[PDB]
């Protein structure tokens, strides 16, 4: 449960030390990318207030994916701020039933449900205060898993920021999943997708994945990974769950 952490000029890390919750400050208003656990709600705004943003200053909420530890407070944040939610149809029906009936977890990770305001399509752009957010679909971890890119600045120099959802598969049945018949082929597109993302700075729903150390302060992003690296790691791990899995 950290305090505001500058990543680039208009991008800050506002979610705890082991849970990315990105704040992108635009004149036209603020933007929240993920929000952590259902309980991290007021904390989120706290960092908002000190950051200069107030509830009515919250314009938009984007998600990496609609699970409880990453979209937990979306509903509470909407009630308490000026937030509207933009998500793909997949993230949207899932956000909407509170993470319930999860392809792989069922009801083991339900949060309170929220309604989406906008339905975005793969490669759709969202401009907030002259700041353009591009959506990159990467089905795998969830059918609606998404990647968000945007160019910020550091030294005045343009910095392309890729917010990549997990490429992980926490104990999933990959081959012949009747609930997700083409899981493997989706995940494989997703690896190559992240792999080619306009990436100067990468961040991930879990900071460990990108090698980020939010506790390291000015060093929190010194050994941080590349988009390519994290991709290939994630694949080595999947082909490693897919190998062992084959027989038995």
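Numbering follows the first chain given and starts at 1.
Per the PDB record, of the two stretches 192 to 200 and 64 to 72, 192 to 200 carries the greater mean B-factor over its C-alpha atoms. Looking at 22 to 30 and 176 to 184 together, the entry lists the larger mean B-factor for 22 to 30, computed on C-alpha atoms.
Per the deposited coordinates, the residue with the largest Cα temperature factor out of 131, 94, 116, 139 is 131. Across 127, 110, 166, 146, the entry's maximum B-factor at the CA atom is seen for 127. In the PDB entry, residue 36 places in the lowest third of its chain by CA B-factor. Ranked within its chain, residue 88 lands in the lowest third, by CA B factor from the PDB record. Sorting the modelled residues of the chain by their CA temperature factor places residue 100 in the lowest third.
Sort the chain's modelled residues by C-alpha temperature factor and residue 106 lands in the lowest third, per the entry. Ranked by Cα temperature factor within the chain, residue 156 sits in the highest third according to the deposited record.
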